[PDB]
Amino acid sequence: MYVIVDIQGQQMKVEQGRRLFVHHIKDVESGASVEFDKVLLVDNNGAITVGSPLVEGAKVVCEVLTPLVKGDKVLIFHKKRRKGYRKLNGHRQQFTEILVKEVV
Amino acid sequence: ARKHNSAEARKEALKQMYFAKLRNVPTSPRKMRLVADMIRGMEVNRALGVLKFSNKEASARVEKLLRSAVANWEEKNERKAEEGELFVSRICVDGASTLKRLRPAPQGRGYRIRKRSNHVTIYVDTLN
Amino acid sequence: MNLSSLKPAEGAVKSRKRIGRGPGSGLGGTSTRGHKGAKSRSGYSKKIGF
Amino acid sequence: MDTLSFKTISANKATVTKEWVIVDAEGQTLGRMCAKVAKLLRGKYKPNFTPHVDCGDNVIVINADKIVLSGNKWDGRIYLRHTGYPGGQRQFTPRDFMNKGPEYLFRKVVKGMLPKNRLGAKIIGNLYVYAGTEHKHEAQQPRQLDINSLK
Amino acid sequence: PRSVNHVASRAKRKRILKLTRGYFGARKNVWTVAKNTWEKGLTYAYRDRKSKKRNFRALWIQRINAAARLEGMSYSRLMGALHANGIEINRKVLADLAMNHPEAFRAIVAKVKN
RNA sequence: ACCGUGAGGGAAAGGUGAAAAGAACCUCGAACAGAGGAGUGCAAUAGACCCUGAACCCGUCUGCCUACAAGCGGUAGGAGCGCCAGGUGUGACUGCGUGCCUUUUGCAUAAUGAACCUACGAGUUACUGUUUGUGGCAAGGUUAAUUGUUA
RNA sequence: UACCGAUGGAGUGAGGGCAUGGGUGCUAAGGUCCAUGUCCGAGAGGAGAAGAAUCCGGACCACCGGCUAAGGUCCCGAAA
RNA sequence: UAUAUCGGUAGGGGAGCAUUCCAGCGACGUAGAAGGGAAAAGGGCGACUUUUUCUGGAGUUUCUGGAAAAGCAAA
Ligand SMILES: [K+]
Ligand SMILES: [K+]
Ligand SMILES: [K+]
Ligand SMILES: [K+]
Ligand SMILES: [K+]
Ligand SMILES: [K+]
Ligand SMILES: [K+]
Ligand SMILES: [K+]
Ligand SMILES: [Mg+2]
Ligand SMILES: [Mg+2]
Ligand SMILES: [Mg+2]
Ligand SMILES: [Mg+2]
Ligand SMILES: [Mg+2]
Ligand SMILES: [Mg+2]
Ligand SMILES: [Mg+2]
Ligand SMILES: [Mg+2]
Ligand SMILES: [Mg+2]
Ligand SMILES: [Mg+2]
Ligand SMILES: [Mg+2]
Ligand SMILES: [Mg+2]
Ligand SMILES: [Mg+2]
Ligand SMILES: [Mg+2]
Ligand SMILES: [Mg+2]
Ligand SMILES: [Mg+2]
Ligand SMILES: [Mg+2]
Ligand SMILES: [Mg+2]
Ligand SMILES: [Mg+2]
Ligand SMILES: [Mg+2]
Ligand SMILES: [Mg+2]
Ligand SMILES: [Mg+2]
Ligand SMILES: [Mg+2]
Ligand SMILES: [Mg+2]
Ligand SMILES: [Mg+2]
Ligand SMILES: [Mg+2]
Ligand SMILES: [Mg+2]
Ligand SMILES: [Mg+2]
Ligand SMILES: [Mg+2]
Ligand SMILES: [Mg+2]
Ligand SMILES: [Mg+2]
Ligand SMILES: [Mg+2]
Ligand SMILES: [Mg+2]
Ligand code: NA
Ligand code: NA
Ligand code: NA
């Protein structure tokens with residue numbers, strides 16, 4: 001059984017014990033519990049439920065493993081030729097690692 | 001003691017290699033490399049015949065280098081080599097120091113002449 | 001404080017401006033002089049009263 | 001690190017689902033049929049379509065000499081080519097192509113609707129065109145596709 | 001005093017030249033050529049980070065179109081029906097279901113087939 | 001040194017090792033030409049051009065790719081193969097993409113400029129004004145040249 | 001929402017295209033001289049095959065989320 | 001805390017990194033310094049910084065303040 005759930009503005013297909021990376025959740029610590037409503041589809045191993053105003057009464061419960069994980073460094077470069085304008089910066093996206101414990 | 005240990009390791013490693021070197025041969029590395037590519041990977045007695053009868057000038061020095069390498073193998077293995085036993089397992093030609101000369105050209109101009117040298121390395125081994 | 005933790009008053013010392021040392025500083029290339037004309041040249045001086 | 005965890009899958013040579021299909025050109029317009037044939041060869045009818053893989057079907061066209069061209073295009077459409085020598089431009093018609101053989105006209109049309117790269121050059125080799133109804137492609141079991149069903 | 005930053009000046013070049021490995025010919029190791037090549041590549045990377053979103057959306061739409069035509073609809077009709085019914089599943093999830101979970105895609109289509 | 005009839009102009013060029021202990025003797029070879037050994041030495045990949053030993057440039061080996069393919073050579077995707085536990089090499093195939101500097105109303109420009117690398121190379125200092133940040137004293141503020149003591 | 005005083009530091013004083021009102025020219029010119037706006041200059045992104053200033057639109061960074069503009073939905077090429 | 005704002009040439013303003021040397025305070029080094037090769041990690045962002053290993057075989061460095069022969073891609 002899997003579900004389609006919106007976590008931090010992104011729709012993910014999740015199952016029990018799946019170890020997601022999601023957009024950073026602020027003000028949590030390792031081992032904390034986070035609930036996620038907004039389930040759009042439930043596949044119960046053959047039976048499919050589709051929710052237009054969300055699937056009612058469904059949720060995904062997760063545990064925070066790592067509250068802050070940084071992605072790979074990306075170089076951000078701007079240059080306009082013959083104008084002398086040039087700048088180079090670094091960027092790292094921030095994520096939270098979670099583990100799915102229960103799917104309702 | 002660090003450099004002594006490193007040197008001892010390298011000295012032990014060299015005992016299992018059978019090679020000879022020619023250094024600062026006052027001839028063109030490219031022309032020498034033609035001969036090297038001709039004899040790379042070839043059985044030693046055929047290589048000696050090829051170098052003896054080759055039409056390149058550098059083959060004469062390559063032949064004596066090959067004989068020296070076979071002698072080094074024989075000394076390090078404490079026995080004489082048999083027929084068809086050894087083969088040219090590695091050979092390389094590197095460029096070496098250049099002599100710079102000046103040659104006059106028309107209307108008062110002077111041009112540079114390069115007299116090049118090379119190094120040759122030959123490793124022999126058995127066709128195992 | 002002693003000789004090991006000397007500290008000037010806040011805002012008392014300022015770093016000097018260094019031109020002609022690259023694009024990121026904002027002061028390289030033409031080095032604050034504009035493009036051409038008399039005022040861009042080495043040794044230009046203003047004639048006083050001209 | 002790979003922080004995505006929800007990725008779109010690309011099909012590859014092992015996981016593509018290629019099939020042999022047979023289409024009929026009894027009374028079809030040439031360009032309209034060839035556009036759908038190009039879609040079939042490209043793989044745009046597959047839910048696992050992948051732009052960098054040959055993922056489409058092998059298409060056998062039968063009754064190719066019964067294709068239809070509207071208007072005066074049988075002789076009025078002028079194809080131009082060049083031999084590369086001075087004064088070397090040459091003219092020909094779809095009629096000249098069809099006289100040479102239906103497969104030449106069909107290949108000329110389908111190429112042009114295929115992508116212009118190495119993948120398209122390979123994909124054009126999956127098209128088989130026959131004048132009659134007699135072709136020898138047993139042991140592949142091509143299924144019969146109604147060309148009018150595709151939209 | 002005399003100051004020459006030999007080591008730092010050389011280290012900057014060496015750090016950048018580690019990034020130009022794999023390039024063709026002089027563009028991998030000759031420094032003025034290599035540094036020229038690497039910056040143009042950075043402008044390309046900025047542009048392509050934006051273009052990647054459009055490319056992946058186009059791929060999803062094509063896969064959804066094929067699956068909808070298998071089910072009997074077209075992409076535009078299917079998406080109009082989904083929007084009218086208020087289904088918020090995005091094109092990435094729809095394309096994933098179309099490729100890998102055809103029964104789920106079929107149930108979604110059957111929901112709005114009315 | 002070299003260049004110039006001459007007046008004159010005018011270079012490049014430091015580093016074995018603590019100590020020469022600077023490699024007796026053997027092997028290949030006409031020959032140290034050079035090397036492989038042995039021996040000295042902490043170390044000879046410190047062996048005389050000898051501390052360290054970078055780049056451009058030149059080779060050999062191993063892995064992967066490559067003989068139906070067409071444009072600044074990258075960038076974003078992405079199989080397969082190969083190494084060492086989720087890292088690393090390569091890159092079938094696909095999308096996008098006319099270097100850089102300078103000068104210009106405007107340059108892929110068939111406008112300028114550079115063979116490449118390493119090293120060198122261009123808003124500095126003094127005095128006097130002025131504005132300002134920060135301070136000391138304050139109806140006052142400040143000494144110059146110089147002098148005394150010990151230095 | 002940043003207009004004036006006083007003070008420290010400037011650069012610019014070769015402009016260009018389009019629309020509108022005109023002079024000049026031949027009611028020629030990617031011509032030339034003014035005026036009023038606008039854009040390029042100093043501006044990336046989308047459509048127009050490819051185009052400095054025509055049509056849409058002003059780029060803090062990241063995203064394999066969504067809605068739209070001009071313009072489009074047979075294939076190359078997203079969508080009837 | 002909210003709201004607003006963050007394309008840029010000439011050009012103005014702000015805040016920093018590295019380099020050589022000095023003062024003060026701490027430290028390291030033949031049980032291996034600087035330098036050279038390879039690898040890994042980090043930074044609102046960046047200039048850059050740490051760590052591991054090989055080579056190397058004798059010096060180097062942290063923080064606070066001070067002073068400049070203080071940074072190259074084109075002449
Ligand atoms: K410049
Ligand atoms: K030494
Ligand atoms: K020494
Ligand atoms: K070396
Ligand atoms: K490429
Ligand atoms: K010219
Ligand atoms: K004007
Ligand atoms: K030092
Ligand atoms: Mg010679
Ligand atoms: Mg001869
Ligand atoms: Mg003469
Ligand atoms: Mg500026
Ligand atoms: Mg000026
Ligand atoms: Mg200039
Ligand atoms: Mg001017
Ligand atoms: Mg002068
Ligand atoms: Mg978008
Ligand atoms: Mg002699
Ligand atoms: Mg050494
Ligand atoms: Mg040395
Ligand atoms: Mg061909
Ligand atoms: Mg081939
Ligand atoms: Mg001009
Ligand atoms: Mg242009
Ligand atoms: Mg000129
Ligand atoms: Mg030139
Ligand atoms: Mg040029
Ligand atoms: Mg250059
Ligand atoms: Mg140069
Ligand atoms: Mg003027
Ligand atoms: Mg004027
Ligand atoms: Mg004009
Ligand atoms: Mg200008
Ligand atoms: Mg503007
Ligand atoms: Mg829409
Ligand atoms: Mg389409
Ligand atoms: Mg903006
Ligand atoms: Mg800005
Ligand atoms: Mg060590
Ligand atoms: Mg300097
Ligand atoms: Mg330099
Ligand atoms: Na000797
Ligand atoms: Na030149
Ligand atoms: Na500033």
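First the proteins, then the strands, lettered A, B, ... as listed; each starts at 1.
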Name the nucleic acid region contacted by [X], choosing base, sugar-phosphate or nothing; use a 4.0 angstrom heavy-atom cut-off, strictly under.
X	answer
E:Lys28	nothing
C:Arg16	base
A:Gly9	nothing
D:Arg32	nothing
E:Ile61	sugar-phosphate
A:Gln11	nothing
E:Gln62	sugar-phosphate
A:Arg82	base
B:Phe19	sugar-phosphate
D:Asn12	sugar-phosphate
C:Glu10	sugar-phosphate
B:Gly95	nothing

Worksheet item: Is the ring centre of E:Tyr44 under 5.5 Å from the base ring centre of F:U75, and are the two planes under 30° apart, so that they stack?
Response: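 It does not: the two rings, one from E:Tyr44 and one from F:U75, miss the stacking criterion.
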
Item to complete: Return yes if a side-chain donor-acceptor contact under 3.5 Å exists between E:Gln62 and D:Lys44, otherwise no.
Response: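 E:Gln62 vs D:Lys44: donor-acceptor pair found between side chains.
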
Fill in: Flag if over 12 foreign heavy atoms under 6.0 Å of CZ, B:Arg109
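Result for CZ/B:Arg109: enclosed.
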
Discussion item. Does C:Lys46 have more than 12 heavy atoms from other residues, nucleotides or ligands lying within 6.0 Å of its NZ?
Written reply: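 Enclosed.
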
Can you tell me which nucleotide in [options] comes closest to the side chain of [X]?
X	options	result
C:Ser4	H:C25, F:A70, H:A69	H:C25
E:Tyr46	F:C58, G:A59, F:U118	G:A59
D:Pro51	G:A42, F:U94, G:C75	F:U94
C:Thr30	F:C117, H:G46, H:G11	H:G11
E:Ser74	G:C64, F:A30, G:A80	G:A80
E:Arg49	G:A62, F:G29, H:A10	G:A62
B:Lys76	G:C64, F:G73, F:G36	F:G36
E:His6	F:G77, G:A78, F:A119	F:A119

Worksheet entry | Where the sugar of F:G59 falls when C1'-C2'-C3'-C4' decides north versus south |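 Because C1'-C2'-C3'-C4' is positive here, the pucker of F:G59 counts as north.
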
Discussion item. What pucker do you get for H:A69 when you go by the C1'-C2'-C3'-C4' torsion?
Written reply: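 With a negative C1'-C2'-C3'-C4' torsion, H:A69 is south.
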
Check the phosphate of [N] against [X], side-chain N and O only, distance under 4.0 Å to OP1 or OP2. Yes or no?
X	N	value
E:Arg57	G:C67	yes
B:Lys3	F:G41	no
C:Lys17	H:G14	no

Protein-nucleotide distance ([X], atom [atom1]; [N], atom [atom2]), rounded to Å:
X	N	atom1	atom2	value
B:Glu63	F:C28	CD	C1'	13 Å
A:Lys79	G:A59	NZ	P	23 Å
A:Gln10	G:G65	CD	P	6 Å

Worksheet item: Which of these, E:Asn36, E:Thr20, E:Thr37, sits in a side-chain hydrogen bond (donor to acceptor under 3.5 Å, both in side chains) with E:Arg27?
Response: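 Exactly one option meets the side-chain hydrogen bond (donor to acceptor under 3.5 Å, both in side chains) with E:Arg27, and it is E:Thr37.
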
Discussion item. With a 3.5 Å cut-off and heavy atoms only, can you find an N or O donor on one side and an acceptor on the other between the side chain of E:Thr37 and the base of F:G99?
Written reply: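 No such pair is found, so the answer is no.
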
Worksheet item: Checking only heavy atoms, does the side chain of E:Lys53 share a donor-acceptor pair with the base of G:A78 at less than 3.5 Å?
Response: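 Check fails, no donor-acceptor contact within cut-off.
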
Worksheet item: Relative to the 5' end of RNA chain H, which residue comes earlier, C:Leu27 or A:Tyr85, by the nucleotide with the nearest heavy atom?
Response: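 Whichever sits nearer the 5' end wins; that is A:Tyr85.
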
Discussion item. By nearest heavy atom, map E:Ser51 and A:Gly90 onto RNA chain G; which one lands nearer the 5' end?
Written reply: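 In this pair, the answer is E:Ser51.
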
Item to complete: Could you tell me if F:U131 and F:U132 pass the stacking criterion of ring centres under 5.5 Å and planes under 30°?
Response: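 F:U131/F:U132: stacking flag true.
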
Worksheet item: Going by the angle between their ring planes, with limits at 30° and 60°, are A:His78 and A:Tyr85 parallel, tilted or perpendicular?
Response: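 Because their plane-to-plane angle lies in the 30° to 60° range, the rings of A:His78 and A:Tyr85 count as tilted.
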
Discussion item. Using modelled atom types and a 3.5 Å cut-off, is there a donor and acceptor pairing between side-chain atoms of B:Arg112 and backbone atoms of B:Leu102?
Written reply: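 Not a single qualifying donor-acceptor pair exists.
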
